[PDB]
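Colleague: this one is an experimental structure. Sequence first:
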Amino acid sequence: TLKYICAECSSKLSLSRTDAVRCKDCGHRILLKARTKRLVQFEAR
Amino acid sequence: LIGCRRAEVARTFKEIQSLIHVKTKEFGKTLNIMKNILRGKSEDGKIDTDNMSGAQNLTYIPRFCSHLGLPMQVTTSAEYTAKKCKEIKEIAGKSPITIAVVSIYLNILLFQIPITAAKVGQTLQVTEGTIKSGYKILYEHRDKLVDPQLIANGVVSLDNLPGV
Amino acid sequence: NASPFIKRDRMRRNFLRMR
Amino acid sequence: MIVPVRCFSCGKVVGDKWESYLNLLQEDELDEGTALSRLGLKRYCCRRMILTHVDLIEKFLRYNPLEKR
Amino acid sequence: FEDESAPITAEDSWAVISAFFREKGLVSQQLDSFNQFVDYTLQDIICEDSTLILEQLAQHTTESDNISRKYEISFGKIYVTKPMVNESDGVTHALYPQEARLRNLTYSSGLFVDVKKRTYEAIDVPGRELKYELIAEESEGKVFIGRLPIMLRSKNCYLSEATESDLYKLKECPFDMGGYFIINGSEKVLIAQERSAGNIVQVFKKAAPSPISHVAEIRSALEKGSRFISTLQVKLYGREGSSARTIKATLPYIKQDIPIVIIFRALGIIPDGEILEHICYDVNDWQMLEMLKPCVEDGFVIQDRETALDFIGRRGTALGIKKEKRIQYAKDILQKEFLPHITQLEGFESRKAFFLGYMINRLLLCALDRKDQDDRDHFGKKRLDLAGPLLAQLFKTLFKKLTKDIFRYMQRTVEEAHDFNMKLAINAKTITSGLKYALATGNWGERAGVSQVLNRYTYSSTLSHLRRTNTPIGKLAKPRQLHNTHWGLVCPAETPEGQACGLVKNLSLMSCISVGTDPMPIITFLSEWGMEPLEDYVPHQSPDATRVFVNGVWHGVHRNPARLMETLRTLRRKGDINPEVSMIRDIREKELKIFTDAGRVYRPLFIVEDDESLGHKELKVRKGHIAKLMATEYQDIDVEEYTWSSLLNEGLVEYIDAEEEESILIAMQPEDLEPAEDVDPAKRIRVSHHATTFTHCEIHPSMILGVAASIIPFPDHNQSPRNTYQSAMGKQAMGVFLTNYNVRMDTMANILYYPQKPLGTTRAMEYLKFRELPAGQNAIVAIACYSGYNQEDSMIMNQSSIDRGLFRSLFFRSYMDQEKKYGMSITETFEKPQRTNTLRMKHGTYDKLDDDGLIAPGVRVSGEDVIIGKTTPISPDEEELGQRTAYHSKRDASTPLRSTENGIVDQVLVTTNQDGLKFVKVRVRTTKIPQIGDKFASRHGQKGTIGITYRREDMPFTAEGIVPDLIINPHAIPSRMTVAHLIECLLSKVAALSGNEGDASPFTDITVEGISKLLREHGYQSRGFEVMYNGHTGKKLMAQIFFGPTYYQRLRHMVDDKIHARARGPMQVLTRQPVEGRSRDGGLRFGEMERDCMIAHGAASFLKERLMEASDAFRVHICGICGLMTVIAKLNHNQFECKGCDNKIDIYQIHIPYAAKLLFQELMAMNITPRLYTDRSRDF
Amino acid sequence: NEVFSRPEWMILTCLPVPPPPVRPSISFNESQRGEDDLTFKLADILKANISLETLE
Ligand SMILES: [Zn+2]
Ligand SMILES: [Zn+2]
Ligand SMILES: [Zn+2]
């Protein structure tokens, strides 16, 4: 499974390919994929 | 009806009968024939999944609650009650519509929304006597028909459900 | 021969003060 | 959106004077010209850096965070 | 101030302007028109054809069946809900604009109507009229009739009742103004459409090659009840060298032009003297009567009403009228279709005759060189249709179709013996689709370009796009010119430079468009105050009466116009007649015109009255008023509210339109023109005009400009074309279009890292929020010829300044993808395809996708990278290039990142569409840093690209150590005469040195000499010159450099989004030539003009190589007998044959472009035989 | 011209059918198939031709 975030109540969810795209808490139908947890490098220029 | 079921947004026979004027007997015989035809051309020529089964009551609850204007929390509780309602043999044989309506009514009075059965049955075109008759069966197993988290938090208590 | 500045920051204070 | 760190033209550090600039304007009731000179900004390249800055980050901070910890 | 009756100054006018924008805003016209339509027009449309009656007659077959039935469906009140959306599963919930944008949903509400279903029945006794009686069946419920798109920030939208905090909670920008629609997730703005006003008589002259010399035309229009237009033309046949010029009028459905006398007799005026009395209102104007005598001579043989009517009727195109219903047919045509805007009821022939005489009189006046032909460009005869009227006619058309469908269902149900289902009789899809389709596209039907995708490049761009008007260009006029009547109503500077120049106009800042009210109350008011009816008007017994017009309808006459106008004006000023109503008194013409219709553009002005206390005319508004205006302005940041409406209701300001503007005298300023009546040599020469009859005064001249021209500093020190260029270019500058750009998923977005506000600003800019959402930066600019790298409109930028962040911006791009369902069997899914189960996988890398086929935000991406992985199943028995084995059951349908673009994935959102299918949006961030191909501009039409960049130690420096951020060539100044550019730099230099905001509004007392004195007070050369040093050597430059701050803007054109080359690449399927488009690795067009140039060079071989080896080159085999490309060549077997010619040894191969082969084959399809032959048959 | 253009040939009795290269069939998503406008009209000609044959 992968972790998503509700776009209105900011609740972190865990959805599978079978689960419906919706917040199980408040019922919103827009979810934001959580930021990757691997470090990213940036030049300071 | 087949098209709605394939799309996971299945409707009921009465809902389709509201538009297309066909009585029940012809509707059922035609549906059985067409399903056989689709199955026949599925083997020689897929078609169905867990959805194709008639009951699939959980799909009706969100729309039925919407007609009554209930909050989403009550709808989720109704879905849980309807899902667990199939473990009782005295109700499991009932029509999926009644199974969903009585579960919705049970939650309506659980959260104490001021909507009487006279209008719940008038809105979903279900006899009020059937609603209350089924509610009595869905009272001996209340502890198994309410989500554990909701009672644990304190949102709903089982003493708010009247007992006959 | 004129004030070429849009004076807004404290002219509101001046009028609010005058009242 | 937020105060630039350096003056574009000469590179003098001006990102450590925004709060000092605002405090001089508010509590000391100084005119913006006097405040700019009190902060040590003499070249008009540095004066326009602080004088023309629009603090949009304050507007952006009015929206609720996308992801709360 | 001190006395509440002292005259105001020119500075106090800006308090009035501030009050105006506090009450109205910048998108008032859009919101106001929509609110009127939803509130009042929707009910009116449904109350026009509400009743549908189906009569089932006796059908005498037996005496047990002799009853006749009558079914009636009637529409009552209409209700509208709040915006809502219904999901695929059938659940309906409230929809907010933010969710609609993200989910590609339409922001719309539902419409409901009360329907009454009655049935009467009567006994049909033979040969008798029936007595229908209600049979005790009157059903009476709400019926859904479709969804109405809702304009944002309107009365029916959720954001009208929201505070600033509420907007922030809803992820909406407070600076957002609304005035647009959301259709399928796209913001759509309705562009106002310019048309010519109806119900106005216009007389035109026709060219020499035409039998008609003059024509008086009126496009009769009724605003309420049927919406159809019928035109009446009165033509003056013959030229000035003819012995007989008669007048003929064109009536609808008559097919022929009738003499005017015949029409007059058909209306009941048989005596010729009376007819002339109706035309000419002076008994001694023999010159007009002399020109009328031929007309009465032409229609002499007809001398009574009935014969004239029969003359009219037989010309009509009905041919059902036999000979006796033919008089009545003409009578009905003259009643219901002739001059419909006066009336359509029986018993109003006198009004029709008088109006017809009025049209003839105006026609003759122009034909006699007493009046000039009506100016078609006069802005007072034009109307602007906003969203209100536009949606009104669309809804009217769609509701008509809906009612027609309802009856067809009723008839079908009655005949084919079915049960009535109201759910099927009314198709809500009709209203929903018609409004959606017309708003999604610009196609106003079932006119183009009526809806456009709102610009969101920068805040000023959005404001300008919400105040644009359009004019559809057979017409005889010069509509592209800037007419005088455009003053103070449309911006004189903002127009496109292309084919839309002059056709697309922009409203001025203080311009407004009326929504229209009911004219009946005014007509009743006129009747009570002595407007003698037109049925008793004898022109020869009152040759001084004033004709009274209301919405172009001659209602009567008045003996004392002066008092009537005084009463009308006082009523409008105190607030009993709506201020939008326009009242004009043409004293010479003896006409009193009142206009109440919608679409008239007006603007406010101060009111000037005598006020004999001082003995001279002065503005009614005093300093006491201005004090309370600003008191209410600053108490918000509690005295009684005093707003723009209070000024309007107290008779201090007045709305004036272009037509009423013809009868007023306006003073530019109250400073010098109003007072009864050394000079600074630096000030501009102002003309007094020394007039003592002023009736109004401009609020401020600066308000003649539009949104785009109000950002230009000192636009009156520029050449006019430069102002036009800046107006267009200011919409291409990066800024902060909205403060919620991190929650919006736009196709593209540019955000400046450090937006600054100009050192030289404008007072009008205070209301455009350019200080809150600015687009540009204040660069230190030097005007010098330093290294030759700023020649010919190029500039030198400081690399050190770029390193520190100067003019650096964010770029956002969003990618959309859906999980389509191809019916019941084939479906797609978001997946990370493997090379062993997926075919046609792209050569990029899938390493960054997750199991759901999406890259997590924060990951860096580059060209060819797959950001949305998707696969679809395939049908067997299809093998391509081999490589298709039993292992493969999927094919790649992934979305790769743009080839030339790179960056970091910023946001990924997954949701469902209206149909419940999964679809995702992926946004990618990248930073754009200025380089040697980026375009930058000032606010004066001076645009250029970066020629080269230099570091600080290479740039020229002053003794203080200041280096320029930007160097422009002196040669850009002289020919273009952008003096405002240099004045701004001088002003901004003083502004930075003193810590102030320079006032650069156009018409003020600020002069260059005043700024020069201020600059010298700061220890600098008064004219902005400084002694600079060469960066390479450190020596002083012999010349001194004009050096100071200037506001520059980064434009949308960056070279990295334009550079592209192609050695070889994909070809088009049809012509097999390089494809079009840089984004698709396309080629460049070597067009006909290029071919001509290469022919002029004599480079024959190069011309061939370009057309053959650099493009489609194809080899074909032709037959020596027939020159057709019909040779079947088995090149493996070394066999050739042209069946039909029965030859195998007379074949040739030729090299021709594949387009030439395509051309010949297309000619063959057209039965043409282009036979190519390799040898000549005739000598030169 | 006796050999290349006779007035009798201005009346069409046999229609030449252009090859697919002149009327290619595109794909938008490659799960959908589209036909050239020429193919649509050529199909109309055939349907009208067969209708006339069966009628008479
Ligand atoms: Zn949620
Ligand atoms: Zn500096
Ligand atoms: Zn041949």
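Modeller: Nice, I can see it. Numbering: from 1, shown residues only, chains lettered A, B, ... in the order given. Ligands and ions are numbered 1, 2, ... in the order given.
Colleague: how many residues are close by the closest residue to chain D within chain C?
Modeller: Among residues of chain C, the one nearest chain D by CB to the nearest CB turns out to be residue C:9. It sits 6.7 Å away. Every residue, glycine included, has its C-beta placed from N, CA and C. When neighbours are defined as other CB atoms under 10 Å in any protein chain shown, residue C:9 has 13 of them.
Colleague: what's the answer for residue E:29, then?
Modeller: Using other CB under 10 Å, residue E:29 has 26 neighbouring residues.
Colleague: picking up where we left off before, in this structure the residue of chain C closest to chain D contacts residue D:33, no?
Modeller: No - with contact taken as CB atoms under 8 Å, residue C:9 and residue D:33 are classed as non-touching, separated by 10.9 Å.
Colleague: for the chain, just list every one of the helices.
Modeller: Let's take chain A. Counting by DSSP state H, chain A forms no helices at all.
Colleague: let me rephrase: I mean chain C.
Modeller: Per DSSP H, chain C has helices spanning C:11-18. These are given in chain order.
Colleague: and the one residue in chain A that gets nearest to ligand 3, how far is that from residue E:573?
Modeller: Residue of chain A nearest ligand 3, by CB to the ion: residue A:17 (62.4 Å). Applying CB to CB, to the nearest Å, the value for residue A:17 to residue E:573 is 71 Å.
Colleague: so for those two, which sits in the more crowded spot?
Modeller: Here residue A:17 and residue E:573 are set side by side on neighbour count (other CB under 10 Å), and the busier one is residue E:573, at 19 against 12.
Colleague: just list the residues touching the more buried one, thanks.
Modeller: Residue E:573 makes contact with E:607, E:651, E:654 under the criterion CB atoms under 8 Å, 6 or more residues apart in numbering or on different chains.
Colleague: what do you get for residue E:673?
Modeller: For residue E:673, the residues meeting the contact criterion (CB under 8 Å, 6+ apart) are E:667, E:688, E:689, E:691, E:694, E:697.
Colleague: once you drop chain neighbours, what's closest to residue E:981?
Modeller: Setting aside the residues directly before and after it, residue E:981 is nearest to residue E:940 in space (CB to CB, 6 or more residues apart in numbering or on different chains), at 4.3 Å.
Colleague: what's the burial count for the one you found?
Modeller: Residue E:940 is flanked by 30 other residues according to other CB under 10 Å.
Colleague: and residue A:43, by the same measure?
Modeller: Summarising burial for residue A:43: neighbours were counted as other CB under 10 Å, giving 4.
Colleague: and for residue E:870?
Modeller: The number of residues packed around residue E:870, counting by other CB under 10 Å, is 23.
Colleague: got it, and residue E:427?
Modeller: A count of nearby residues for residue E:427, using other CB under 10 Å, gives 17.
Colleague: same question for the one 3 residues further on.
Modeller: Residues lying near residue E:430 (other CB under 10 Å) number 17.
Colleague: that one touches residue E:400, doesn't it?
Modeller: No - at 10.1 Å, residue E:430 does not count as touching residue E:400 under the criterion of CB under 8 Å.
Colleague: buried ones in the strand or helix carrying residue E:1011?
Modeller: With elements taken from DSSP states H and E, the one containing residue E:1011 is helix E:1008-1017. Within helix E:1008-1017, the residues scored as buried using 16 or more other CB atoms under 10 Å in any protein chain shown are E:1008, E:1010, E:1011, E:1012, E:1014, E:1015.
Colleague: near chain D at all, the next helix-or-strand element following that helix?
Modeller: Later in the chain than helix E:1008-1017, the nearest helix or strand by DSSP H and E is strand E:1025-1026. No - under the criterion of CB under 8 Å from any CB of the partner chain, chain D is not reached by strand E:1025-1026; the shortest gap measures 11.4 Å.
Colleague: what lies in contact with strand E:1025-1026?
Modeller: Outside of strand E:1025-1026, the residues within contact range by CB under 8 Å, 6+ apart are E:958, E:959, E:1020, E:1040, E:1041, E:1042, E:1043.
Colleague: could you pull out the strands for chain A?
Modeller: Using DSSP state E, the strands of chain A run over residues A:2-6, A:12-15, A:30-33.
Colleague: what number of residues lie near the closest residue to residue E:802 other than its chain neighbours?
Modeller: With sequence-adjacent residues excluded and distances taken as CB to CB, 6+ apart, residue E:802 is closest to residue E:930, at 5.3 Å. Number of residues near residue E:930 (other CB under 10 Å) recorded here: 21.
Colleague: wait, what's in contact with residue E:930?
Modeller: If you count contacts by CB under 8 Å, 6+ apart, residue E:930 has them with E:797, E:802, E:806, E:807, E:808, E:936, E:946, E:949, E:1050.
Colleague: among those, which ones are in strands?
Modeller: Checking these against DSSP E, those in strands are E:797, E:936, E:946, E:949, E:1050.
Colleague: any idea which of these has the most stuff around it?
Modeller: With neighbours defined as other CB under 10 Å, the most crowded of these is residue E:797; it has 27 neighbours.
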